[PDB]
Amino acid sequence: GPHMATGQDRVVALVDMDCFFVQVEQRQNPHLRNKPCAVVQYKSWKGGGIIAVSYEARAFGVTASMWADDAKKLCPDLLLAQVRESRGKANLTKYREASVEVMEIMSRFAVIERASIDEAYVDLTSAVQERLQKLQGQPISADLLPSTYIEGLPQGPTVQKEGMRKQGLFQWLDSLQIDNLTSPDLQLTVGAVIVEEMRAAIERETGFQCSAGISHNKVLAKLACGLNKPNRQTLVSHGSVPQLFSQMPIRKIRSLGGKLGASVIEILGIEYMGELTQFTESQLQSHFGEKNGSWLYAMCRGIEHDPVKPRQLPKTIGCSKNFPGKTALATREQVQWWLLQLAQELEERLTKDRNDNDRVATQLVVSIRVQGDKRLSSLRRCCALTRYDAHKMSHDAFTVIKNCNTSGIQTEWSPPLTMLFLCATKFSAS
DNA sequence: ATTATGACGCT
DNA sequence: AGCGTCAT
Ligand SMILES: Nc1ncnc2c1ncn2[C@H]1C[C@H](O)[C@@H](COP(=O)(O)OP(=O)(O)OP(=O)(O)O)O1
Ligand SMILES: [Ca+2]
Ligand SMILES: [Mg+2]
């Protein structure tokens with residue numbers, strides 16, 4: 001009852017760029033705007049691999065993780081922009097730099113957690129308290145929420161999507177008690193007003209559109225964000241959770257899309273998030289462990305406590321290349337040449353990072369895959385990173401991996417390497 | 001031959 | 001530390 005926490009203490013948003021690498025390429029090349037188009041890396045094998053797809057192209061069934069030759073079968077007029085290649089490998093610098101543009105704008109409104117190259121969580125609790133005082137018990141006009149959906153509404157006693165959006169928004173606003181400054185529903189609504197302003201700023205200042213979710217925690221904000229993509233934002237209230245979760249496949253919730261989520265389904269014989277409410281906390285802990293069980297018990301009631309971490313910058317800087325099929329590295333000189341290529345890109349990115357962000361990486365992680373294994377990594381080894389020098393780093397990497405060579409002859413490499421990976425970690429202020 | 005990343009958990 | 005899981 002009165003002592004039952006409801007997880008309504010925070011306002012959290014998740015902002016996610018729409019079709020992000022495609023938008024980056026469309027800004028650069030106006031010929032690609034408002035077209036079925038996709039971003040592809042490499043080209044020789046099956047036309048290259050698609051890694052981002054415009055919404056126009058998605059209408060034809062084009063997806064990421066699709067080969068371009070196959071995408072062209074669904075969409076003959078599909079336009080393609082290629083990822084830059086430098087030192088023999090895909091180079092994602094243009095997209096990392098575009099990401100920084102967006103992250104810096106978001107950071108003006110609140111402290112953010114960089115969750116991926118194109119999305120960030122925002123803890124808006126304090127900003128909402130501030131705006132609430134400015135409002136002075138003035139109602140929130142629908143005009144302040146021009147791209148906002150209220151999940152679950154409209155209900156009860158219609159043809160158009162925009163019309164339905166407004167219907168729901170009006171029901172929501174009509175029901176708001178604005179004179180309670182601690183009403184969670186009101187707090188979320190003010191949060192949504194701020195996120196409209198944030199999203200407007202991102203589009204004005206970069207040209208990029210995005211979607212967003214507003215709720216009381218990260219998992220609900222993430223889920224909310226996806227409900228109305230692209231170029232829209234969605235408010236998921238605490239009250240909307242029972243209906244939302246009653247038909248929500250467990251795999252849709254962040255962290256449950258893999259083996260754990262499959263085990264929840266199998267072990268408990270359920271399909272939807274809402275069905276979890278019928279188990280005790282101890283029951284869930286018994287199957288999924290203490291931490292997961294407690295997390296699931298709260299999460300299925302819309303409650304989660306994971307904080308928005310104040311972290312705008314990536315904690316690691318890495319460089320990776322696959323050498324599939326027949327291109328696998330079977331000679332020592334091959335291995336050394338590619339380690340150098342990776343190390344040269346790494347040095348470039350590290351030197352820029354040190355200048356921009358006043359920090360230095362202190363640990364180099366070297367990872368390889370050997371033909372045969374279908375684990376992503378076959379072996380991971382760390383060594384000290386004491387200087388930002390590509391030849392030193394590539395020589396050090398070679399030293400820590402050279403023992404994996406089963407070949408009795410040392411010019412040859414067996415089994416051939418199907419992946420190399422260099423990663424700089426353990427930053428210290430500088 | 002679903003590539004190139006990046007964070008966090010376990011032991 | 002090195003490995004695994006999950007994610008974009
Ligand atoms: N598996 C991947 N491999 C390589 N790059 C990826 C992968 N997934 C995502 N990316 C890149 C390309 C995407 O434009 C970008 C952001 O990912 P993501 O948010 O999942 O999709 P998206 O921004 O392209 O479309 P959406 O509008 O659905 O968010 O990160
Ligand atoms: Ca996105
Ligand atoms: Mg994303």
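Here Cβ is always computed from backbone atoms with ideal geometry, including for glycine, and neighbour counts include all displayed protein chains. The numbers here are math on the coordinates, done by the rules we state, and not lab data.
Which log10 I(q)/I(0) values does the range A:211-285 give at q = 0.16 Å⁻¹ under the Debye formula, counting every alpha carbon as one identical point scatterer?
For the requested q values the scattering log ratios are -0.61.
Once a ≥ b ≥ c are taken as the square roots of the eigenvalues of the Cα gyration tensor of the range A:250-307, is the result rounded (a/c under 1.5), prolate (a/b larger than b/c) or oblate (a/b not larger than b/c)? Please report the intermediate quantities before stating the final value.
Values: a/c = 1.31, a/b = 1.11, b/c = 1.19.
Since a/c stays below 1.5, the shape of the range A:250-307 is classed as rounded.
How many percent of DSSP beta bridges within chain A run antiparallel, rounded to 5? The partial results should precede the final answer.
Details: 48 of 59 bridges.
Looking only at bridges with both residues in chain A, the antiparallel portion is about 80 percent.
Could you work out how far apart the two model spin labels at A:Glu333 and A:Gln138 are, taking each label as a point 7 Å from the Cα in the direction of the beta carbon, and quote it in nm?
The modelled label-to-label distance comes out at 7.5 nm.
From the cross-link list A:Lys94/A:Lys315; A:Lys73/A:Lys218; A:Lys218/A:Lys321; A:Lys94/A:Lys309; A:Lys72/A:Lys374; A:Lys43/A:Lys94, which pairs have alpha carbons spaced over 27 Å apart?
Working: A:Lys94/A:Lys315 19 Å; A:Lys73/A:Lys218 38 Å; A:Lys218/A:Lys321 32 Å; A:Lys94/A:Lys309 25 Å; A:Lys72/A:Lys374 29 Å; A:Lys43/A:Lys94 19 Å.
Pairs exceeding the cut-off: A:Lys73/A:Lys218; A:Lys218/A:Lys321; A:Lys72/A:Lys374.
Could I get the Rg over Rh figure for the range A:224-368? Both from C-alpha atoms, Rh via Kirkwood, rounded to two places. Walk me through the intermediate numbers first.
Values: Rg = 22.4 Å, Rh = 19.7 Å.
Here Rg/Rh amounts to 1.14.
Return the calculated 222 nm mean residue ellipticity for chain A, to the nearest 500 deg cm²/dmol, obtained by summing -39500 (n - 2.57) across DSSP H runs with n ≥ 4 and dividing by the residue count.
-12000 deg cm²/dmol
With Kirkwood's inverse mean 1/r over C-alpha pairs for Rh, give me the Rg to Rh ratio of the range A:55-144, two decimals please. Could the numbers behind the result be given before it?
Values: Rg = 20.5 Å, Rh = 17.4 Å.
Reported Rg/Rh (Cα atoms, Kirkwood Rh): 1.18.
Give the relative contact order (percent, whole number) for the range A:19-88; include only Cα pairs under 8 Å separated by 6+ residues.
Computed value for the range A:19-88: 32 percent relative contact order.
Among A:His391, A:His238, A:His31, which comes first, then next, by fewest other beta-carbon atoms within 10 Å? Can you show the working numbers first?
Working: A:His391 13, A:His238 19, A:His31 10.
So the ranking, lowest neighbour count to highest, is A:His31, A:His391, A:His238.
How big, in percent, is the set of alpha carbon pairs in chain A lying more than 42 Å apart?
Working: 21950 of 92235 pairs.
Here the long-distance tail beyond 42 Å is 24 percent of all Cα pairs in chain A.
Can you tell me the FRET efficiency between A:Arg108 and A:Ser414 if r is taken as the Cβ-Cβ distance and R0 is 60 Å, rounded to the nearest 0.05?
Numbers: r = 54 Å, r/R0 = 0.90.
About 0.65, to the nearest 0.05.
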